[PDB]
Amino acid sequence: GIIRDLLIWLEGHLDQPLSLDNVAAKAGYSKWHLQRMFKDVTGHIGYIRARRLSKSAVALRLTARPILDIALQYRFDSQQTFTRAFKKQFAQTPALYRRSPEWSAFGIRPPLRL
DNA sequence: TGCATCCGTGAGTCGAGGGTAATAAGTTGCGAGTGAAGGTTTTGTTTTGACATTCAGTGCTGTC
(Lines give C-alpha, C1' and ligand atoms only; values in the text may rest on other atoms or scores of the structure.)
Protein backbone atom coordinates (compact mmCIF):
# COMPACT_ATOMS: atom_id res chain seq x y z
CA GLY A 1 0.00 0.00 0.00
CA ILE A 2 2.11 2.90 1.30
CA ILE A 3 5.27 3.39 -0.84
CA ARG A 4 3.33 4.03 -4.05
CA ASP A 5 4.37 7.67 -3.38
CA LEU A 6 8.03 6.86 -4.15
CA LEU A 7 7.36 5.99 -7.80
CA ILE A 8 6.66 9.27 -9.66
CA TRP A 9 8.38 11.54 -7.17
CA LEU A 10 11.39 9.62 -8.49
CA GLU A 11 10.18 10.56 -11.98
CA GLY A 12 10.36 14.13 -10.69
CA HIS A 13 13.35 13.94 -8.36
CA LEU A 14 16.33 12.33 -9.98
CA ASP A 15 17.13 16.02 -10.14
CA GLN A 16 18.73 18.56 -7.72
CA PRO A 17 17.89 16.57 -4.53
CA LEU A 18 20.72 14.03 -4.50
CA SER A 19 18.65 11.12 -3.20
CA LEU A 20 20.56 8.10 -1.93
CA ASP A 21 18.94 5.18 -0.05
CA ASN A 22 19.44 7.02 3.24
CA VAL A 23 17.80 10.00 1.57
CA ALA A 24 15.27 7.45 0.30
CA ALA A 25 14.98 6.39 3.96
CA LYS A 26 13.15 9.73 4.45
CA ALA A 27 10.07 7.98 3.00
CA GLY A 28 9.13 6.75 6.47
CA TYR A 29 10.85 3.38 6.73
CA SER A 30 14.39 2.02 7.10
CA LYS A 31 17.28 1.34 4.73
CA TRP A 32 16.84 -2.45 4.55
CA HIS A 33 13.07 -2.71 4.84
CA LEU A 34 12.26 -0.42 1.88
CA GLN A 35 14.21 -2.80 -0.38
CA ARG A 36 11.98 -5.87 -0.04
CA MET A 37 8.91 -3.65 0.25
CA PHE A 38 9.84 -2.43 -3.24
CA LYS A 39 10.94 -5.90 -4.41
CA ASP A 40 7.76 -7.98 -4.21
CA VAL A 41 5.85 -5.06 -5.71
CA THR A 42 8.12 -4.59 -8.71
CA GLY A 43 10.57 -7.48 -9.06
CA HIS A 44 13.45 -5.05 -9.69
CA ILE A 45 14.53 0.48 -6.40
CA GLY A 46 18.14 1.58 -6.28
CA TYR A 47 15.62 1.45 -11.08
CA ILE A 48 16.77 4.82 -9.77
CA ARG A 49 20.11 4.32 -11.48
CA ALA A 50 18.27 3.52 -14.70
CA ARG A 51 16.21 6.70 -14.34
CA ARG A 52 19.44 8.57 -13.74
CA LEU A 53 20.83 7.08 -16.92
CA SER A 54 17.46 7.37 -18.63
CA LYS A 55 16.95 10.77 -17.03
CA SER A 56 20.37 11.93 -18.23
CA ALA A 57 19.47 10.55 -21.68
CA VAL A 58 16.86 13.27 -22.16
CA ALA A 59 19.78 15.70 -22.22
CA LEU A 60 21.95 14.03 -24.87
CA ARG A 61 19.43 13.79 -27.68
CA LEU A 62 16.73 16.33 -26.83
CA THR A 63 18.58 19.35 -25.40
CA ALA A 64 21.56 21.05 -27.02
CA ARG A 65 23.85 21.24 -23.98
CA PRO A 66 27.19 19.38 -24.22
CA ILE A 67 28.23 16.38 -22.20
CA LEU A 68 29.87 17.83 -19.07
CA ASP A 69 26.67 19.26 -17.57
CA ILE A 70 24.97 15.88 -18.10
CA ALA A 71 27.24 13.79 -15.87
CA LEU A 72 26.56 16.17 -12.96
CA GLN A 73 22.99 17.33 -13.64
CA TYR A 74 21.20 14.03 -12.98
CA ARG A 75 23.07 13.07 -9.85
CA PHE A 76 25.94 10.96 -11.09
CA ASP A 77 29.34 11.32 -9.51
CA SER A 78 31.69 12.02 -12.43
CA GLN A 79 32.15 11.97 -16.20
CA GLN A 80 33.89 8.60 -16.04
CA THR A 81 31.40 7.42 -13.40
CA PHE A 82 28.73 8.41 -15.89
CA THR A 83 30.41 6.59 -18.76
CA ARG A 84 31.18 3.64 -16.50
CA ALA A 85 27.42 3.44 -15.98
CA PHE A 86 26.83 4.25 -19.66
CA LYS A 87 29.09 1.49 -21.01
CA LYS A 88 27.79 -1.12 -18.57
CA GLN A 89 24.21 -0.29 -19.58
CA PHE A 90 24.11 1.00 -23.18
CA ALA A 91 27.50 -0.45 -24.29
CA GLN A 92 28.26 2.78 -26.16
CA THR A 93 30.14 5.97 -25.86
CA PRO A 94 27.66 8.85 -25.46
CA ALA A 95 29.85 10.67 -27.98
CA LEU A 96 29.14 7.62 -30.17
CA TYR A 97 25.46 7.65 -29.17
CA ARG A 98 24.14 11.20 -29.67
CA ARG A 99 26.35 11.91 -32.72
CA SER A 100 24.89 8.83 -34.43
CA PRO A 101 21.78 9.89 -36.41
CA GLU A 102 19.93 6.69 -35.40
CA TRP A 103 18.77 5.86 -31.88
CA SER A 104 16.69 2.94 -30.59
CA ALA A 105 15.78 1.04 -27.40
CA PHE A 106 18.71 -1.18 -26.51
CA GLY A 107 19.86 -0.01 -23.10
CA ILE A 108 17.49 2.70 -21.88
CA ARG A 109 15.69 1.27 -18.85
CA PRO A 110 11.93 2.03 -18.89
CA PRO A 111 10.29 3.92 -16.03
CA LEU A 112 8.05 1.86 -13.77
CA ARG A 113 4.40 2.50 -14.55
CA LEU A 114 3.53 -0.61 -12.56
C1' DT B 1 81.06 108.77 -32.75
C1' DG B 2 78.41 107.41 -36.00
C1' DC B 3 76.45 103.92 -40.34
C1' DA B 4 73.85 100.34 -41.35
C1' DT B 5 72.66 95.60 -41.26
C1' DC B 6 70.18 92.06 -39.14
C1' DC B 7 67.81 90.14 -34.56
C1' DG B 8 63.45 89.41 -32.61
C1' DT B 9 58.91 90.30 -29.47
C1' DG B 10 53.24 92.09 -30.04
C1' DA B 11 47.43 89.06 -24.06
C1' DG B 12 43.71 85.26 -23.40
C1' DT B 13 39.52 81.08 -23.81
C1' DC B 14 35.84 78.93 -26.80
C1' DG B 15 33.58 77.99 -31.85
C1' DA B 16 34.87 76.57 -38.01
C1' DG B 17 33.73 74.03 -42.11
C1' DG B 18 37.52 70.11 -44.76
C1' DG B 19 41.09 70.70 -48.24
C1' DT B 20 45.52 69.56 -52.53
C1' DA B 21 48.27 69.06 -56.15
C1' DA B 22 53.93 68.61 -61.63
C1' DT B 23 56.28 64.60 -63.94
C1' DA B 24 58.53 60.84 -65.88
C1' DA B 25 60.86 53.62 -70.30
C1' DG B 26 60.99 49.86 -71.10
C1' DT B 27 62.77 44.48 -71.45
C1' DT B 28 65.01 40.64 -68.96
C1' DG B 29 66.36 37.14 -65.96
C1' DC B 30 66.47 35.28 -61.10
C1' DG B 31 66.10 35.48 -56.36
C1' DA B 32 63.54 35.56 -51.87
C1' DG B 33 59.29 34.93 -50.16
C1' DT B 34 52.86 34.50 -49.39
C1' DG B 35 50.28 30.59 -50.06
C1' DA B 36 47.99 26.65 -50.88
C1' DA B 37 48.86 22.17 -49.59
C1' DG B 38 51.89 15.76 -47.98
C1' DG B 39 49.39 14.30 -43.92
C1' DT B 40 52.28 12.64 -39.88
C1' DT B 41 53.55 14.14 -35.26
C1' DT B 42 53.14 15.98 -29.42
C1' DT B 43 48.59 16.37 -26.77
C1' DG B 44 42.74 16.35 -26.04
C1' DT B 45 39.95 12.48 -25.71
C1' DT B 46 37.59 6.79 -25.96
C1' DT B 47 37.32 0.73 -22.75
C1' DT B 48 39.25 -3.93 -20.19
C1' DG B 49 41.98 -7.86 -16.56
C1' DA B 50 40.94 -6.72 -11.51
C1' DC B 51 40.44 -5.11 -5.83
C1' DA B 52 39.27 -2.03 -1.12
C1' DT B 53 35.27 -0.04 -1.22
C1' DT B 54 30.11 1.91 -1.12
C1' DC B 55 26.11 -0.01 -1.91
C1' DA B 56 21.92 -2.10 -3.32
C1' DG B 57 19.59 -6.82 -4.15
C1' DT B 58 18.89 -11.41 -1.73
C1' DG B 59 16.60 -13.49 2.83
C1' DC B 60 16.65 -13.14 7.92
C1' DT B 61 15.46 -12.17 12.44
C1' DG B 62 13.40 -9.43 16.19
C1' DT B 63 10.15 -6.70 18.34
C1' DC B 64 5.69 -4.50 19.88
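Residues numbered from 1 in each chain as written, not as in the entry; some residues may be left out. Chains lettered and ligands numbered in written order. Part of a larger assembly, values for the part shown. Heavy atoms only, no water. Residues with missing side-chain atoms left out of burial classes, pairs and counts.

Per the deposited record, determination of this structure is attributed to cryo-EM, with the resolution reported as 4 Å.

Moving on, we get to the UniProt feature "DNA-binding region" in chain A. Per the UniProt annotation, the sites labelled "DNA-binding region" are residues 21-42 and 67-90. Secondary structure within residues 67-90 divides into 75% helix and 0% strand; the distance between the first and last C-alpha atoms comes to 16 Å. (UniProt positions renumbered as here; feature names shortened; annotations may be inferred. Helix = DSSP H or I, 4+ residues; strand = E, 2+ residues; numbered from the N terminus.)

With that out of the way, let us pick up the nonpolar core. Core analysis: the biggest nonpolar cluster contains 10 residues, these being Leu 53, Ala 59, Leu 60, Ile 70, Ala 71, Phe 76, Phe 82, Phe 86, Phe 90 and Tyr 97. Counting only elements with at least two residues in this core, the list comes to α4 (48-61), α5 (67-73) and α6 (79-89). Broken down by element, this core gets its largest block of residues, three residues, from α4. In this structure, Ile 3, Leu 10, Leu 34 and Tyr 74 belong to the second largest nonpolar core, which totals seven residues. (Core = buried A, V, L, I, M, F, W, Y, C linked by side-chain atoms within 4.5 Å. Buried < 20%, exposed > 50% of the residue type's maximum accessible area, 1.4 Å probe, protein only.)

When its domains are assigned, chain A resolves into domain 1 (1-52) and domain 2 (53-114). The gap between the C-alpha centroids of domain 1 and domain 2 is 21 Å. On the side of domain 2, 15 residues touch domain 1, which itself brings 15 residues to the contact. Mapped by element, the contributors of at least two residues to the side of domain 1 that touches domain 2 are α3 (33-42) and α4. (Domains from an automatic or database assignment. Contact = heavy atoms within 4.5 Å.)

Moving on, we come to the environment of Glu 102. With respect to the helices, strands and loops of the structure, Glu 102 is situated in the segment after α6. For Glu 102, a relative accessible area of 54% corresponds to the exposed category. For the pair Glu 102 and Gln 73, spaced 29 residues apart in the sequence, the C-alpha separation amounts to 24 Å.

Okay, the packing of aromatic side chains next. Here the structure, examined in full by the defined rule, presents five aromatic pairs. Measuring from ring centre to ring centre gives 5.9 Å for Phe 86 and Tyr 97, while their planes differ by 70 degrees; the resulting arrangement is edge-to-face. Residue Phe 86 is found in helix α6, and its partner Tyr 97 is found in the segment after α6; the two are separated by 11 residues along the sequence. Exposure remark for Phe 86: the relative accessible area of 0% places this residue in the buried category. Its relative accessible area of 9% is what places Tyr 97 among the buried residues. The rings of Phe 76, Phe 82, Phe 86, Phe 90 and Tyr 97 are connected pair by pair, giving a single aromatic cluster. Sitting over the face of the ring of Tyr 97, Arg 61 holds its NZ or CZ atom 4.2 Å from the ring centroid. (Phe/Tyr/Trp six-rings, centres within 6.5 Å; stacked < 30°, edge-to-face > 60°. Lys NZ or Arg CZ within 6 Å of the ring centre and 35° of its normal.)

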